[PDB]
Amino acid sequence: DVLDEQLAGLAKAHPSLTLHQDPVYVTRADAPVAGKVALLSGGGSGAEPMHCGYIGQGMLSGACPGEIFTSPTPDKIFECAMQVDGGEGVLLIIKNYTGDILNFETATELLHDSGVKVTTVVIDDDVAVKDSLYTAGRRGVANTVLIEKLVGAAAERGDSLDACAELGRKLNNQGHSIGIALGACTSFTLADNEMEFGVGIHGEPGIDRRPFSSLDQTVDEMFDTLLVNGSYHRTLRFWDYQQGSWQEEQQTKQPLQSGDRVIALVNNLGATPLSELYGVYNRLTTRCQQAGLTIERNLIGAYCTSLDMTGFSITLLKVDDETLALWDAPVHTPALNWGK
């Protein structure tokens, strides 16, 4: 009943969104939008604004909320995708959790079989831990927001389903994140001035627990771990819609290196005061330019949360002129709004 209330709250607060019933999901009020790729994500609740605050022109067309920390059921995904299809196909953005993977996979298959053109981008940006509690491979965290914006802008510009998917997949190969917690959400137990280093957004254990000395020293280790765990080879599944089947591809991520230009996301995991995030960003810019990385754009705030956890995360995403044009492109959503 508390979930239903919050979703009703969202719908009342934002008449540009529509709340659907049996099954529950959220779409742009003007969806389906003819002639553009439709973007769709979803996942466990308690990560707000992700994903419902990202619905709107230049970003998502809809989102499927699940229960707390559990994935949306595939009926929601299926029904949501058919709602938003504008005749150019639907692109499904899936964070790398086993539940999300099972469910989005189920929906995708049925979707293709019902005449909907569809494919998928898997997000696996968290550098900290391979094979966490609810993941095979690497967890999907705050980089989803950056990709949702950039592919959102591509789709909105009129790019095709394949071009948006290739962009999404390429970006997933160049974004890196890590997060820390000084105290669990309401799940696990820390000593005083101890942190969980490399924490998940569902409260999953990190690399270890270790002492907290200062804000600056933490950002340093976080930044160092981004470079140290930067390199990664793994297999990802994508729907091939021409063959109508799952196509395993092998991909490699290169670590960030001297000369790279980046978008930086300093993300409140729930209970970190904004003032502290700006301190984080002060230290992050210093490290970046010592490492020859230019931060071209930033987001600082609460974008990918883990209920009311005390902690924060850093995300660095390699970009170029084309990607910045997509960054600077208009976006009109509850959580992100700029441009005409």
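The numbering used is simple: start at 1 and walk along the sequence shown.
According to the entry, the deposited sequence places 4 to 9 unmodelled residues between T186 and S187. Between 160-168 and 146-154, the higher mean Cα B-factor belongs to 160-168. The question of which stretch, 244-252 or 197-205, has the higher mean Cα B factor is settled in favour of 244-252. Out of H176, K95, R234, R210, the entry records its largest CA B-factor for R210.
Highest CA B-factor among the listed residues (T70, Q57, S41, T285): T70. Among the modelled residues of its chain, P49 has a C-alpha B-factor that falls in the highest third, as given in the PDB entry. Annotation for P15: CA B-factor lies in the middle third of the chain's modelled residues. Among the modelled residues of its chain, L215 has a C-alpha B-factor that falls in the highest third according to the deposited record. Annotation for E276: CA B-factor lies in the middle third of the chain's modelled residues. For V121, the recorded CA B-factor ranks within the lowest third of the chain. Only modelled residues enter the ranking.
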